[PDB]
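Read through the structure below, which is laid out as structure tokens, and then see the notes.
Protein chains: 4
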Amino acid sequence: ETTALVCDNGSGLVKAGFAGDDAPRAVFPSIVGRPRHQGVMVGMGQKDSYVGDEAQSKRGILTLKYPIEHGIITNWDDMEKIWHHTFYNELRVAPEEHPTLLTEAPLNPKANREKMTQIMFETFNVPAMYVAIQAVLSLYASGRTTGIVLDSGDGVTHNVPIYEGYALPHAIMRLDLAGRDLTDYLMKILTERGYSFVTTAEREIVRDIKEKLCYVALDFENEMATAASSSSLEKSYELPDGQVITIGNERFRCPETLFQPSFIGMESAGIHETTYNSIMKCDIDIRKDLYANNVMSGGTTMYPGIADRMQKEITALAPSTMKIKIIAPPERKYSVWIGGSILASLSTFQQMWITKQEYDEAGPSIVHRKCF
Amino acid sequence: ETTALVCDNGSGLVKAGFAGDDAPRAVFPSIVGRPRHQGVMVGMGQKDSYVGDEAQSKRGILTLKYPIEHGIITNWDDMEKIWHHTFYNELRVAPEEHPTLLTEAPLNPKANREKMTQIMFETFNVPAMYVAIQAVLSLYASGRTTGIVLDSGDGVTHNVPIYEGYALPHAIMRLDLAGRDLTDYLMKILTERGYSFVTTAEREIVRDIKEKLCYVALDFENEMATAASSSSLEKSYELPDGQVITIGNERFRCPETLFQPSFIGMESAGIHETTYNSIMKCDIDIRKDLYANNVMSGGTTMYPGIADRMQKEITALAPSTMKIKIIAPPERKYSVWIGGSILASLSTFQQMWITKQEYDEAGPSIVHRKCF
Amino acid sequence: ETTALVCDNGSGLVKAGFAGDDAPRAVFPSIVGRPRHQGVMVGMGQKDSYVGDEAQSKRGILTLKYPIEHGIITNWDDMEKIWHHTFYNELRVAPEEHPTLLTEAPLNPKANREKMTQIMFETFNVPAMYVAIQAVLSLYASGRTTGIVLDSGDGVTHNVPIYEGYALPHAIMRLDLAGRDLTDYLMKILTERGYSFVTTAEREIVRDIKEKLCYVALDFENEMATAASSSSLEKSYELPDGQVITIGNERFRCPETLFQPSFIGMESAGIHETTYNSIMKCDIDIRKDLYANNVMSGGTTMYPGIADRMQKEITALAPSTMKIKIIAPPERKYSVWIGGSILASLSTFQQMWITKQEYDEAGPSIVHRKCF
Amino acid sequence: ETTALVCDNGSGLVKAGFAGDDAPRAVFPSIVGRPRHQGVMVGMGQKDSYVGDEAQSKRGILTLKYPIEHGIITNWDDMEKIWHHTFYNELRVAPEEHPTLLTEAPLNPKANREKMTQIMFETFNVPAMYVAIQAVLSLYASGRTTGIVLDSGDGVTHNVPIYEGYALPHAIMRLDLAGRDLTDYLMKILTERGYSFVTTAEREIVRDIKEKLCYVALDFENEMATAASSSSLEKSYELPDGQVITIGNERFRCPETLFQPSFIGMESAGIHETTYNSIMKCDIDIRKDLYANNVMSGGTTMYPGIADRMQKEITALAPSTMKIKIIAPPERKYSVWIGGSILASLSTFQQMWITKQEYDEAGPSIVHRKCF
Ligand SMILES: Nc1ncnc2c1ncn2[C@@H]1O[C@H](COP(=O)(O)OP(=O)(O)O)[C@@H](O)[C@H]1O
Ligand SMILES: Nc1ncnc2c1ncn2[C@@H]1O[C@H](COP(=O)(O)OP(=O)(O)O)[C@@H](O)[C@H]1O
Ligand SMILES: Nc1ncnc2c1ncn2[C@@H]1O[C@H](COP(=O)(O)OP(=O)(O)O)[C@@H](O)[C@H]1O
Ligand SMILES: Nc1ncnc2c1ncn2[C@@H]1O[C@H](COP(=O)(O)OP(=O)(O)O)[C@@H](O)[C@H]1O
Ligand SMILES: [Mg+2]
Ligand SMILES: [Mg+2]
Ligand SMILES: [Mg+2]
Ligand SMILES: [Mg+2]
């Protein structure tokens, strides 16, 4: 035992690797697919369930299901499939010899992390393991100790403020609007063009349309009006069956749901008011260094022109005398894993594991103690 | 028991052999002939009914009847004659010792296959037997597991799409236009030349004219116009009684019924639109590998220039960005039997038989379970 | 030009008249007779060939030949004689001034109608002409637009179904059994009584025996058994030379060939199964109004008791829930000409002619276009 | 101008009448039929296309096509024929003098309603017109202001929840399974009995079989097992040509597609889970009054025993502490038109029209404003 696995199971995409590297060696969608047709050939009981990209490669004949929804593991039997796939089929590593570092979102149910720990100890028998917080690990990546991290992933969007080492948990804001809810809204606003995507396979096509043609408009009604002369903004996409679709003002209406959650019928505030309300709940003296450090993480923060709209629209809320600075690293998509590969290689951390025997005498509630 | 019989009873031509060989050892027309004149000699009660080629050799004095029409066995007493002829007079094999593999078309009546099984168990007492699907066995021949098989035989034309082992039965398209309906249309369009074929014996002469002089025009009205200078296209045929007939633009009008079913007063679509409508009913992601694998089977797919017209006329329907590939093996006429000789020699299949005793306790509905 | 000639050249009897009248003014047998003995008087080169009733009046010294057989003109030089006789010697009309309306049977050779048109334009130089279909004109007579017409003439028997104006050409059934084949069978079954008719002159005597003493038995074996007490059914006929013949059960065996074509060694179905198979080839919704309209035409449908046997024996085939109605007009013998005298006097038809000049620039294939 | 036309063009059946009455004075199938045979009579260019019941009366010779599919008008030239037929040939009304009230399904393409408005103003020049939502008008009929309307018609099935006047558009669920897809599945499961319906005319026969012999089984496998003793459940139907067919367990397998969309190879949920998922997407406090008001509309909700299965199978999903009440009015088949005849006679609505001049200065996008 000299190296430690770092496994970030996001709600839509698993990223696993070794502690020490600057990039995960395994990045694959956290999907489990079951065949839904007959299978007339002789490969009948052959691969009764697929995981990873075989779930995505053969997705034309499968029902795809995500075991994680809103950062909460809803299907515990598929999560074991995905973990078994990561350890054995993707990293090619015996879990017996390496401590593992998992991550999860704040304000999750207590039973989620407990069952995580129980599975990791009593099924993979890892020597040690540690469950970190996804918004703390995004500061380890940026080499900071101060900032308010807005981590918008695939299931959950959370703002976490952190002063010089100290987190203020009474100002952590969680919101259940993320990338999957934008995929769902794009699937719905595309019907008014005539395109109908219903299957779970075509959901993965709309996700790819979104990751390629969607951007965040710096001003919404202004772009909505310049979309009336609907040729300077329409992009065309090529479906897998050769058909081409022409998406116009849906390119910025889909990510506007981040700033107008009323589009999908949610009574909440945008990610710009949730991050402002989180700074205004912190102490009056740290309030100035949180404006100057707005670290963004997760894939849903990779829309072209999201850091400019955040910077423009928080400045409209904050007092006009000090500066707002949105720090968007170019690799923020993996910014949670990088931090995990950092925290796990620090010598000062080598004593903050949870050892198998320590888990024995203390029970599955031992994981709740670890700095909460 | 070490070898298994493979008996493909098409609607117009029986092909039987042993599982393991690469060609059937028995290929004969599935006809039953009854004498229709007096018989003044002493061979009066001698061979009151003929089957096979004696039905075809002595066809000048017989009424010929096909027991199968449109893949449906309409005369159950003649089918037993044909089976008894295949087992005893053609393969020279006691059915008691060999399991048999029959085939039938999709979307047939349920009673057809049930009565098949009942006859094969309670009259020939085969040890085991299995009823496969004719469009799945055409992929076993081509060594594929993906493709849309267009199997045009003598009574039925069906498109069946099959992704990587899995069939999509909601897109199977059956059409009751096949080789016999083209023989009938050629018998009718030949009257405008003056030639009148009416008897069931002369039907078998028009079938031979069709199998020798008929082709599929790559463009219909273009060839129909180049047939006005009616000497560069007219072929002559020699009847059995020495007379010669001169067939001209009937050489491509007869197989055009496959692409224009309105010629025989049918409100349907050609085999090019039925195969396109079958791919467009499949899932959007498998839709690309079905264009690149259009396996053709059956004798009615042996007209010179049918794979080029299919490839040319599906490309006019599919999106212009990906390739259409019609895979026409040179022995596709037996492509359903070869597959049966393959599936029956696989060890993984040796447990998918239906044993006589298994048929006893379960009843004749046991055959409907077998992967449907 | 104000009136149009209507010339129906049947295969055995020409009926010509003027469009507008309700009966043809010229009805004569379509026979050409050549003298076959020496002619010792001085009228040597006097009338080297006879046509019409002089062919029939002087038939004791002539070889009689029909130029039309099975609705197909086999002797093109005698058909010109018959047409020249109709126009000049029977109607007494210059063809130059009147358009003509010819008729022919369905499913005839294409060259027949083309040569008809060529002769009528380049020999008689009619201004206009039109070639209609004999089974459509039988509905114009009955004032109907729906029904299945069974037109049994002297050479051909065809069933043609016609819904509300629209013909279904894929269900037209032609059969080459007609009145001449019944004359031939009566000539043969009369030998077992001892009477031998061989000459073409005595063929015209057997035809007259048939038209007077023959009927259709409502039940065949029943009448065949009541013919054993062979006095309640035997009728006597007086030959031209004063001899009397006694015909018994040949009175209903000759017309039974219409319902049992196996009598003359034909492998076909009766006129009752050919008309039932023609309705069952039509669409399922028009199938009900074709049972209720079975219009009969032609002379061969004038046997006493043929409409009752048709009505009785189709009812045995059709489902027992709806009614069969055989509509036998009392003048059906001319029912094809009446229709022609109707269609030719309709103003909506005056533009559907084929004008001499229109035939010039289009060629003899112009006549194939006319609603086929 | 004192009365207003109410024209509900469903995807399979047009219902038009006057605002104020309690029933439409015009109910006819929205079909356009083109003759597909020759037409040998003189009524050649006579009624080159039929609409309404002449499309259905003469359907034995026509190709029938629905201009609307899944609530989307696909053939804009036939929809004008159907509208011209409704106004002039069915209501006998000059459109110039009456405002009209059209309806359409939710989540349709934007261009559909725009082209509707454009045709109604620039072709029929109605003074005013209004396009309502089909699920709101079903509450006007029931005299309610609260409920979740499940409107299953011929092309589309939509759940729309409506609290006390306010609709929640983020929970509207549309599904493209409706009566036509059940007709298509019945056409397919009838082949295993031997009955083959292919034409568009026989599609209208299978629709009539479905509307008369089909019911919804309260428990599926239980009825499927009691269908093994297949005489206590088999009903016989009489085809138009007198033949009788015996339909057994297809009587409840066809409407089971509403609750098991996997039968036709759709990856969706039944109408019982789509209506439960729509209530669970609404706010937690209105959730109780939506269970107690499940208003059903459309013809596809007229199967015997559908309101009991819905009530039984939602109760299995909802919490067991409160009551589920399916409100199925006895005239729900017209429940969308009645509402239109109500909303159009309300004085508070007389100012919510779209006047011709108001459409002039605002363009065809004026219709999108009207409460969306
Ligand atoms: N380039 C991109 N532009 C917009 N959205 C993206 C992009 N890449 C990924 N996404 C969205 O981000 C999600 C993945 O983000 P990630 O942070 O990996 O989620 P998780 O934290 O659950 O692993 C995907 O669901 C996708 O919809
Ligand atoms: N060389 C050929 N060209 C065109 N048609 C052919 C040819 N050979 C056979 N056929 C047609 O194909 C039919 C036989 O096809 P096959 O696939 O053997 O039918 P089945 O599946 O019923 O056995 C015959 O009816 C014949 O009309
Ligand atoms: N009264 C009758 N009874 C039976 N057969 C008749 C009668 N009159 C004529 N025929 C037969 O019908 C034939 C004439 O029918 P017709 O319809 O005039 O023929 P075509 O259509 O060729 O003119 C004759 O050959 C004759 O044998
Ligand atoms: N009594 C019935 N039982 C079952 N289905 C019916 C019945 N009546 C009509 N239908 C089905 O409902 C459809 C008509 O429903 P309707 O609500 O009028 O459709 P639309 O909204 O398109 O007008 C028809 O296609 C028919 O298949
Ligand atoms: Mg994450
Ligand atoms: Mg075959
Ligand atoms: Mg005639
Ligand atoms: Mg409706």
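In order, the protein sequences belong to chains D, B, A and C. Positions in the first sequence are counted from 1; adding 3 to them yields PDB author numbering. Positions in the second sequence are counted from 1; adding 3 to them yields PDB author numbering. Positions in the third sequence are counted from 1; adding 3 to them yields PDB author numbering. Positions in the fourth sequence are counted from 1; adding 3 to them yields PDB author numbering. Where a beta carbon is used, it is the ideal one built from N, C-alpha and C, also for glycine.
Based on DSSP bridge pairs, tell me the residues matched to residue i.
| i | result |
| --- | --- |
| D/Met299 | D/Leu153 |
| C/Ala29 | C/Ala19 |
| D/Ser239 | D/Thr249 |
| C/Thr358 | C/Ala131 |
| A/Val96 | In the DSSP output, where bridge partners are listed per residue, A/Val96 has none listed. |
| B/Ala170 | B/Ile165 |
| B/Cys10 | B/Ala19 |
| D/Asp24 | D/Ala22 |
So residue i contacts chain A; which residues on that side make the cut at Cβ distance below 7 Å?
| i | result |
| --- | --- |
| C/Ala58 | Simply none; closest approach about 12 Å. |
| B/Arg196 | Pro112 |
| C/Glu205 | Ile287 |
| C/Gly63 | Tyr166, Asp286, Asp288 and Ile289 |
On the CB-based measure, 16 or more other CB atoms within 10 Å of its CB, does residue i come out buried or exposed?
| i | result |
| --- | --- |
| B/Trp86 | buried |
| C/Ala108 | buried |
| C/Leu349 | exposed |
| A/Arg39 | exposed |
| C/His161 | buried |
| D/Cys374 | exposed |
| B/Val159 | buried |
| A/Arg372 | exposed |
| C/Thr324 | exposed |
| C/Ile329 | buried |
Please list, in chain order, the chain B residues whose beta carbon lies closer than 7 Å to that of residue i.
| i | result |
| --- | --- |
| C/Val209 | Result: empty, since nearest Cβ-Cβ is about 15 Å, beyond 7 Å. |
| C/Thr66 | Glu270 |
| C/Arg39 | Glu270 |
Quick one: list the residues of chain D neighbouring residue i, beta-carbon separation under 7 Å, in chain order.
| i | result |
| --- | --- |
| C/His173 | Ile267 and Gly268 |
Could you list which residues in chain A have their beta carbon closer than 8 Å to that of residue i, in chain order?
| i | result |
| --- | --- |
| B/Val35 | What B/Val35 touches in chain A: nothing, since even the nearest Cβ is about 15 Å away. |
| C/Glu241 | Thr324 |
Starting from residue i, find everything on chain B with Cβ-Cβ shorter than 9 Å and list it in chain order.
| i | result |
| --- | --- |
| C/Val201 | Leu178, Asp179, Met269, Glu270 and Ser271 |
Run through chain B and tell me which residues come within less than 8 Å of residue i, C-beta to C-beta.
| i | result |
| --- | --- |
| D/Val43 | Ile136, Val139, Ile165, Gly168, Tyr169, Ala170 and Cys374 |
So with CB distances below 8 Å, who are the chain C contacts of residue i?
| i | result |
| --- | --- |
| A/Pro322 | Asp244, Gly245, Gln246 and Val247 |
| A/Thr148 | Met44 and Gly46 |
Name, please, each residue of chain C whose Cβ falls closer than 9 Å to the Cβ of residue i.
| i | result |
| --- | --- |
| A/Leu349 | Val45 |
- Could I get the ranges of all uninterrupted beta strand (DSSP E) runs contained in the stretch 284-355 of chain C, with 3 residues as the minimum, in chain order? 297-300
- Segments assigned alpha helix (DSSP H), at least 4 residues, entirely inside the stretch 173-227 of chain C: 182-192 and 203-216
- Query: Along the chain, which unbroken stretches of the beta strand (DSSP E) at least 3 residues long are found entirely within the stretch 109-148 of chain B?
  - Reply: 131-136
- Jot down the residue ranges of each uninterrupted beta strand (DSSP E) in the stretch 35-94 of chain D, minimum 3 residues, whole runs only, in chain order. 35-38 and 65-68
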